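Beneath this line is the structure, given in structure tokens, with notes to follow.
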Amino acid sequence: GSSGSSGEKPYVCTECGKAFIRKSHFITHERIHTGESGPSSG
Ligand SMILES: [Zn+2]
Numbered sequence: 402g403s404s405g406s407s408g409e410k411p412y413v414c415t416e417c418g419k420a421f422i423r424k425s426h427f428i429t430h431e432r433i434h435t436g437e438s439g440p441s442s443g
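Each residue of the sequence shown is one higher than the one before, starting from 402 at the first, in the entry's author numbering.
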């Protein structure tokens, strides 16, 4: 209802908490996080 809803921030990591105005440092940040990730999976 009235919980602010203002000040929309860029890509904010939902694991540690970090905003990334750019669309590069964020995508790359997911690597160090995602312990497992390959072609066979996903
Ligand atoms: Zn993070």
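C-beta: ideal position from N, C-alpha, C; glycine also.
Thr429 and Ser407 have their C-alpha atoms roughly 27 Å apart.
Excluding five sequence positions before and after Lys410, the CB atoms of its chain that fall closer than 6 Å to its own CB belong to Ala420, given in chain order. Looking at the DSSP output, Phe421 sits in a beta bridge with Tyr412. In this structure, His430 has its beta carbon less than 7 Å from a heavy atom of ligand 1.
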